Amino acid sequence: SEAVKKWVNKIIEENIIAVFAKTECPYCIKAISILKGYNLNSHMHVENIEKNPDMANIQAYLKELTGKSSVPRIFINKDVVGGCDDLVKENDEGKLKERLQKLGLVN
């Protein structure tokens, strides 16, 4: 499906911080909260891909893009961050703040 791929791409392209999530997903909630803590709300989009008729197609495309089909799946300026554990590693080791600084998102 070119349609599914185009839709996912539009989400990743239009929004500097793009998070694909699902309903009642503790690590999605954790990842999103960490990102919102950097006041990134204005440049964040969260898509619940479980509430979508094409969830499997979306997860498969996310796996083609990132290596995993699980949510959360996180992109920053089209770069793959990965899941919540990846985000926590980057955050703890200073990499996340580095990304955000290069994007003018944090001073």
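Numbering starts at 1 and follows the sequence shown.
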(message) Test of understanding: from the entry's C-alpha B-factors, which stretch has the higher mean, 8 to 16 or 94 to 102?
(response) 94 to 102
(message) Can you tell me which of 38, 75, 61, 27 has the maximum CA B-factor listed in the PDB entry?
(response) 38
(request) Grab the CA temperature factor for residue 51 from the record and place it in the lowest, middle or highest third of its chain. (result) highest
(request) Just say lowest, middle or highest third for the CA B-factor of residue 42 relative to the other modelled residues in its chain. (result) highest
